[PDB]
């Protein structure tokens, strides 16, 4: 029969995805979810786009065509549209605003893209990206009381270890 006495069971916290709506707002909704401590607000994008436009218009010395791929005013008009999709340029701006490292695991390349890698921020948050859609990641614990965590120490590299595994498994399921 079974053998239940011949081993010691172990468990640890794991990272899990929380799914946000599959629309062009997903970057903004995912970022809000993790910097807010794990709370979905599907209406956050217009305020976040306005914030990004304010930041970019206020620093044209930095935010030029070479960075934005559009003129500074053209970019600001563009980010304020309700139909545009966010990406790396906006994640970099939001990382600086929130003063938080944003680590995006990419399931197409099995790599983490770290925004704020050298900034000395004390916290990091994680998203997962498949080339079109972003979702937020959180740490779930193996106990019934601890709520999920979305904001990590920037010295916590366990989350990076686990995120990469999740990306690798996703890319293998895709293949």
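Residue numbers count along the first chain shown, from 1.
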query	finding
Mean temperature factor over C-alpha atoms, higher-scoring stretch between 84-92 and 71-79	71-79
Mean temperature factor over C-alpha atoms, higher-scoring stretch between 111-119 and 127-135	111-119
Identity of residue with top Cα B-factor, from 55, 31, 48, 40	55
Which of 35, 27, 66, 44 ranks first by CA B-factor in the deposited coordinates	66
Modelled-residue ranking by C-alpha temperature factor, third containing residue 16	lowest
Third of the chain's Cα B-factor distribution that residue 23 belongs to, per the entry	middle
